[PDB]
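In my numbering, the protein residues as written are 20 to 68.
Take a look at the structure below.
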């Protein structure tokens, strides 16, 4: 138990925390692309009207 705690239950736990941070960055860049596309078709619809 202590060996797994000091080897991977803590270090690989930090690795998984960094992976979850990367997951959050994925949602952040997805929202960024969504806002970009939103402004894009907003300007496009304004010009089209």
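Where a beta carbon is used, it is the ideal one built from N, C-alpha and C, also for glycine.
How long is the line joining the alpha carbons of residue 44 and residue 29, rounded to whole angstroms? 22 Å
In whole angstroms, what separates the C-alpha of residue 61 from that of residue 47? Going by the C-alpha atoms only, they are around 21 Å apart.
Helix, strand or coil for residue 68 per DSSP? coil
Could you tell me the distance, in whole angstroms, from the CA atom of residue 54 to the CA atom of residue 25? The alpha-carbon atoms of residue 54 and residue 25 are separated by roughly 43 Å.
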